[PDB]
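First up is the structure itself, then whatever we jot down about it.
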Amino acid sequence: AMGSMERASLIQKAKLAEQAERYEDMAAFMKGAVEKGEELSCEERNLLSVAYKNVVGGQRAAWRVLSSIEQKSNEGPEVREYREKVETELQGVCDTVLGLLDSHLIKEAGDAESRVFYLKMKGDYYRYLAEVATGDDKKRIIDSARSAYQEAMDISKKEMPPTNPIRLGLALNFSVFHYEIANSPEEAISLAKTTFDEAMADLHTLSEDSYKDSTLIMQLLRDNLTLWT
Amino acid sequence: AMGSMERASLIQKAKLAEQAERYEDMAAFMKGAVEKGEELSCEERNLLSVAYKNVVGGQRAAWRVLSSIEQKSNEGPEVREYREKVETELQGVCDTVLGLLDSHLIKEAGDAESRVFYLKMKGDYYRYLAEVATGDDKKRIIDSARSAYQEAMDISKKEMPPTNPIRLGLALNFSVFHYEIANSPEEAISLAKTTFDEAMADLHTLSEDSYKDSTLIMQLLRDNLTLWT
Amino acid sequence: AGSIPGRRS
Amino acid sequence: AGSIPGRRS
Ligand SMILES: *Cc1ccc(S(=O)(=O)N2CCC[C@H](O)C2)cc1
Ligand SMILES: *Cc1ccc(S(=O)(=O)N2CCC[C@H](O)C2)cc1
Ligand SMILES: [Cl-]
Ligand SMILES: [Cl-]
Ligand SMILES: [Mg+2]
Ligand SMILES: [Mg+2]
């Protein structure tokens, strides 16, 4: 759909769409940029991720409202039909993101920073599919999330310092996966604690600005540990 | 697009869409309900208005962000192109609402409550068109807003008490029209003051719940008077 | 200058 | 339980 627009113009418009809080537009501009076939810079990867996280975040919040109403009603067909409509739209967005990662962002990502970023995205979007999945391929979807997060973890632990914000955010989100999706709260708590402690011990190496970036995510790990223990 | 769904199901789904903050869906469900051809109840009119006010409100906020960036840049084509895209989408939504009012909500509205409600909507959506219009039909669009608001005012002053919330909201929005669109701040201030004072003198007739409804809108009139004087 | 918010039923 | 908000560049 964006084939006739220059890559640089799509990137510029994605930044404008963010400022205007037009996240569907932002995601469409960034999909167009990915489909130009060139690798993405750090900033461009963040624009892609921000766009889709906002789009799918609104869909997830709506699905949760509707699922709650539907569960109360089961204690006409309209609530189920509308929850299904939102669910299908959410699944379509997750499939779109996963398709960009598979064609061909991951295979072209050779540096640890880009490969970990994309594999964390892959884990996240399979996790969002798992949130709405029921039984049939719930297990296979959960395993796809776990596999993507695990590969990202393995690379991050070999190639990045323990304070790296992407490594920290990956560990945070994988811990949420364990707690909320995989029914493994002890694994979630262990991962969050080990991640926090190893980051704390590496803060001394950081500049003031890097310190602020890392400690912000550490506080999120602490916030979950406080809720889980 | 909604022709195969029952009217009652469209109304139910519009209420669910509101709870899920899915305002584009809400507007599409209510457009489908209007297109069934039956008049709307008070509650249904409010669902139609809430849906489109949220949709166009987000578009207007985005247009203002982009217009501000574009004006700063004029002190590549991308900012103008994207502002134009958002502007065209906004105009399309306003034209859709105006088309529902013209085919055939207004002509079938015989009671004062429904006719005033729809004419206030007509004034509002022409006002939103006027906010983005430049020169050519800016004047004709402004006159269309003014004409709709004036007819609504004339009916409201003959048929509704001065505390009626629709009469109050009509006067509030017409005063904003005078201040922001028609370059008539003195008319805006006069209308807001007279409306407030005539409502104050009628509060004694109201129940506790009606008092709360009317005084809430009176405070909005006061808030504008404080900003304008 | 504020119009009717009008965004909640 | 909170994941990365991740919604602002
Ligand atoms: C998964 C994830 C997303 C965002 C962050 S961040 O806000 O700390 N950040 C984005 C910009 C580049 C920084 O290196 C990381 C962290 C993890
Ligand atoms: C133009 C307008 C919109 C909404 C109101 S309200 O919030 O006071 N209200 C909506 C529900 C029915 C009430 O009679 C009015 C007022 C004016
Ligand atoms: Cl590469
Ligand atoms: Cl009638
Ligand atoms: Mg080119
Ligand atoms: Mg029928």
Side-chain angles (χ1 to χ4, degrees), chain A residues 37-50 52-53 104-125 127 149 152 156 160-161 163-174 176 195 209-210 213-221, chain B residues 41-50 52-53 113-114 116-125 127 149 152 156 160-161 163-174 176 195 209-210 213-221, chain C residues 3-7 9, chain D residues 3-7 9:
Chain A
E38 299 251 65
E39 297 185 23
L40 305 194
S41 71
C42 180
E43 185 181 2
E44 294 162 355
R45 292 193 292 276
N46 277 328
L47 292 169
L48 176 70
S49 178
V50 165
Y52 278 109
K53 278 293 172 80
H104 300 275
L105 288 170
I106 289 170
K107 72 173 54 71
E108 280 322 304
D111 293 354
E113 64 185 272
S114 59
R115 192 171 185 85
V116 170
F117 192 94
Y118 292 135
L119 288 167
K120 178 186 171 178
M121 293 190 59
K122 183 172 181 173
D124 284 344
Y125 289 88
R127 170 161 61 87
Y149 283 135
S156 75
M160 302 163 146
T163 48
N164 177 280
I166 302 291
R167 178 170 169 181
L168 291 174
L170 166 63
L172 176 73
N173 284 8
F174 196 17
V176 169
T195 301
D209 288 348
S210 295
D213 293 337
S214 297
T215 55
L216 183 130
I217 306 167
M218 299 171 60
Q219 182 61 48
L220 303 179
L221 288 161
Chain B
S41 71
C42 180
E43 185 181 2
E44 294 162 355
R45 292 193 292 276
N46 277 328
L47 292 169
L48 176 70
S49 178
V50 165
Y52 278 109
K53 278 293 172 80
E113 64 185 272
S114 59
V116 170
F117 192 94
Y118 292 135
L119 288 167
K120 178 186 171 178
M121 293 190 59
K122 183 172 181 173
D124 284 344
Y125 289 88
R127 170 161 61 87
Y149 283 135
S156 75
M160 302 163 146
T163 48
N164 177 280
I166 302 291
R167 178 170 169 181
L168 291 174
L170 166 63
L172 176 73
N173 284 8
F174 196 17
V176 169
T195 301
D209 288 348
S210 295
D213 293 337
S214 297
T215 55
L216 183 130
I217 306 167
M218 299 171 60
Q219 182 61 48
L220 303 179
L221 288 161
Chain C
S3 61
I4 291 274
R7 290 166 76 154
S9 74
Chain D
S3 61
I4 291 274
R7 290 166 76 154
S9 74

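A, B, ... follow the sequence lines: proteins, then strands. Residue 1 opens every chain. Every number for a ligand or one of its atoms is a count from 1 in the order of the listing.
- Atoms of ligand 1 found under 4.0 Å from any heavy atom of A:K120 (numbered from 1 in listed order, with element): 1 (C), 2 (C), 3 (C), 17 (C).
- For B:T215 (side chain) and B:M218 (main-chain N/O), no donor-acceptor pair under 3.5 Å exists by modelled atom type.
- Contact check for B:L119 versus B:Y149: no side-chain heavy atoms found under the 4.5 Å cut-off.
- Using a 4.0 Å cutoff on heavy atoms, C:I4 counts as a contact of ligand 2.
- Neither side chain, B:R45 nor B:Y118, offers a donor N or O lying under 3.5 Å from an acceptor on the other.
- Compare A:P165, A:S49, A:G169 by their heavy atoms: the one nearest to atom 16 (C) of ligand 1 is in A:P165.
- Close approach to A:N46 involves these atoms of ligand 1, each under 4.0 Å from a residue heavy atom: 10 (C), 11 (C), 12 (C).
- Judged by distance alone, with hydrogens and angles left aside, the side-chain atoms of B:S214 form a donor-acceptor pair with the main-chain N or O of B:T163 at under 3.5 Å.
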Report the C-alpha separation of A:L48 and A:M121 in whole Å, then their side-chain angles, then the decisive distance to 0.1 Å, and conclude whether the side chain to side chain contact (heavy atoms under 4.5 Å, CB included) test is met.
CA-CA 10 Å; A:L48 176 70; A:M121 293 190 59; 4.1 Å; yes
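- Contact annotation for B:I217 and ligand 2: only side-chain heavy atoms (C-beta onward) come within less than 4.0 Å of the ligand.
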